[PDB]
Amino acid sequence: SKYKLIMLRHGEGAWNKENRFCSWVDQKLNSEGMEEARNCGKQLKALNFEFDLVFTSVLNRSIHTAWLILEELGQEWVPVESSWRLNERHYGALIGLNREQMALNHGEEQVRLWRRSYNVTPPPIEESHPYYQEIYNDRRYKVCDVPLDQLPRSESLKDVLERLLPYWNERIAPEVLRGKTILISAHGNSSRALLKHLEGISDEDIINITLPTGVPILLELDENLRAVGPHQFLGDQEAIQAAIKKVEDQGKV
């Protein structure tokens, strides 16, 4: 392909382990996630990647992942840019809830729909939600390209792509066309959103795409920035498929 870029989902976190929808809650990576980030950097180093620019969300877990990757590459000097438009999909009222418990109470299929549907919008989070305050009172959301009151309170995967695409078009895509090697440290669903766009995945097929944590995703693009072949997870396919199954199994029981 004419261009190559790397995107990935950050490493494991406390909630990623307790199996609770984290979303816009600024939870940190745990020891296991930090190591995943380090292994990503080692895999990228083994493949000679030399980044010119890194894009992250404003959730610290995606930022720390990038930092750990850069340290392993000895590329801490590479410019980093962060944007809420790369933030994980907003789970609204579901934030904080245990996936397996919801599966038990509502049915595996119901939870699977909420998690992977392109169109279903979660119930908006309310000021009465246990984590509303610790989200909308943070200064990082007072300096976004849109007023605090204009930020979403819940999003379907479709909503995510709608607020992420502008950033890709205006800030990231231009750099890729310039020949720069870009690294995107994002999240599970915000990453699924960008892949849908780049690979032209249908609304139906995007439902079956689940991304493993801490695994480099190589995308090869043509002159029009359209993927030339499905995304490629860099690493041992067997261990990567088990990690994907692990994510899927979070909604089973």
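Basically, rigid core = biggest C-alpha set you can superpose within 1.5 Å across the two forms. Just count from 1 along the sequence shown to find any residue number.
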| item | value |
| --- | --- |
| In 9 other deposited structures of this protein, rigid core aligned: more displaced of 121-129 and 92-100 by C-alpha RMS | 92-100 |
| Outlying stretch relative to shown form, 203-211 versus 52-60 in 9 other deposited structures of this protein, C-alpha RMS (core) | 203-211 |
| Segment of higher mean CA temperature factor, 183-191 or 210-218 | 210-218 |
| Of 45-53 and 221-229, the stretch whose C-alpha atoms average the higher B-factor in the entry | 221-229 |
| Top Cα B factor in the deposited entry, candidates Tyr132, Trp84, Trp77, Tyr167 | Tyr132 |
| Identity of residue with top Cα B-factor, from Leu73, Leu157, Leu113, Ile125 | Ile125 |
| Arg178 - which third its CA temperature factor falls in, relative to the rest of the chain | highest |
| Position of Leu5 among the chain's modelled residues by C-alpha B-factor, lowest, middle or highest third | middle |
| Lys142 CA temperature factor, ranked by third within the chain | highest |
| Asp149, C-alpha B-factor rank within chain (lowest, middle or highest third) | highest |
| Ranked C-alpha temperature factor of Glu88 among modelled chain residues, by third | lowest |
